[PDB]
Amino acid sequence: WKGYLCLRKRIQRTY
Amino acid sequence: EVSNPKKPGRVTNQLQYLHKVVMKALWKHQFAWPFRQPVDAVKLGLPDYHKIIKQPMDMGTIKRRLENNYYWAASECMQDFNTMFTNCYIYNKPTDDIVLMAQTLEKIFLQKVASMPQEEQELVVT
């Protein structure tokens, strides 16, 4: 929810 | 990685317990979504992940392995779970948010494993 890797992981999830 | 024709696999009571009880409890957890797929180092811009982590592992890979009877014994499957948790701890900082999600899943993992059948026994279809 705040980390670079976790947010980048979250962006790719919506794709 | 997921399938191997030259390596023997088995169905045991402990392996089916990991697939029916342990995996289903961790898979639907709210913190499970980062661990359901292999880490895509290209999409996430991680040029050092595969050079620090020598054996990637995710819940999706473990689940496919149980569904294909990849493992011979439960110890091989529990090593995959440990490998997945260790990769998150090594690569990330101990204070990272993704590490707290892995530790939450690891405690649940150790909780479910504590109720696994004590002795491993092979399951043969008749």
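S.K.: So, the overall build of chain B: which residues are in play, and what are the values?
M.R.: Summing up its helical and strand segments, chain B has five helices and zero strands in all. Listing each helix as α and each strand as β along chain B from the N terminus yields α-α-α-α-α. Expected size for 126 residues packed as a compact globule is a radius of gyration near 14 Å; at 15 Å, chain B falls within 12% of this value. Reported as C-alpha extents along the three principal axes, the dimensions of chain B are approximately 50 × 35 × 20 Å. Here chain B holds 126 residues, and the buried ones make up 42% of them. Within chain B, counting contacts between residues at least 6 apart in sequence, those at least 24 apart form 76% of the total.

S.K.: Please give an account of the nonpolar core that cites residues and values.
M.R.: Counting 38 residues, the largest nonpolar core has B:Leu18, B:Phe35, B:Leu46, B:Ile62, B:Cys77 and B:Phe81 as the members making the most contacts within it. Apart from residues no more than four positions distant in its own chain, B:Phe81 is found in contact with B:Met23, B:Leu26, B:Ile62 and B:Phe109.

S.K.: Could you give me a rundown of helix α3 (residues 59-67) of chain B, with the residues and numbers involved?
M.R.: All names here are of chain B. Looking only at α3, the buried set comprises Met59, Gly60, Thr61, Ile62, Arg65 and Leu66. The inward-facing, buried residues of α3 contact α1 (13-27) and α4 (74-91). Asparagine 69 lies just past α3 and shows a positive phi near 55 degrees.

S.K.: Give a description of the packing of aromatic side chains that names residues and reports values.
M.R.: What characterises a pair of aromatic rings is the spacing of the ring centres plus the angle enclosed by the ring planes. Residue and element names in this part refer to chain B. Per the stated rule, a full pass over the model turns up five aromatic pairs over all chains. Plain terms: the ring middles of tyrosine 70 and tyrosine 71 are 5.6 Å apart, the flat faces sit at 85 degrees to each other, and that makes the pair edge-to-face. Each residue in the set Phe81, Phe85 and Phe109 is aromatic and connected to the rest through ring pairs, giving one cluster. Here the guanidinium or amino end of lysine 63 rests over the ring plane of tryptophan 27, the centre of that ring lying 4.3 Å away.

S.K.: Please give an account of the interface of chain A and chain B that cites residues and values.
M.R.: In this assembly, 11 residues from chain A lie in contact with 13 residues from chain B. Between chain A and chain B, a total of about 1200 Å² is buried, with carbon and sulfur atoms accounting for 68% of that surface. On the chain A side of the contact with chain B, A:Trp1, A:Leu5 and A:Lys9 bury the most area, a combined 45% of that side's loss. At the boundary of chain A and chain B, one finds zero salt bridges. One can count five residue pairs in polar contact joining chain A with chain B. Here the side of chain A that touches chain B is built from residues that sort into four nonpolar, two polar and five charged.

What counts, and at which threshold
- Residues numbered from 1 in each chain as written, not as in the entry; some residues may be left out.
- Chains lettered and ligands numbered in written order.
- Heavy atoms only, no water.
- Helix = DSSP H or I, 4+ residues; strand = E, 2+ residues; numbered from the N terminus.
- Rg over C-alpha atoms; globule rule 2.2 N^0.38 Å.
- Buried < 20%, exposed > 50% of the residue type's maximum accessible area, 1.4 Å probe, protein only.
- Contact = heavy atoms within 4.5 Å.
- Core = buried A, V, L, I, M, F, W, Y, C linked by side-chain atoms within 4.5 Å.
- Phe/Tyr/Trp six-rings, centres within 6.5 Å; stacked < 30°, edge-to-face > 60°.
- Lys NZ or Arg CZ within 6 Å of the ring centre and 35° of its normal.
- Buried area = accessible area lost by both parts, 1.4 Å probe.
- Salt bridge = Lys/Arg side-chain N within 4 Å of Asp/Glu carboxyl O.
- Polar contact = N/O pair within 3.5 Å; in protein donor to acceptor, adjacent residues only side chain to side chain.
- Nonpolar A, V, L, I, M, F, W, Y, C, P; charged D, E, K, R; others polar.

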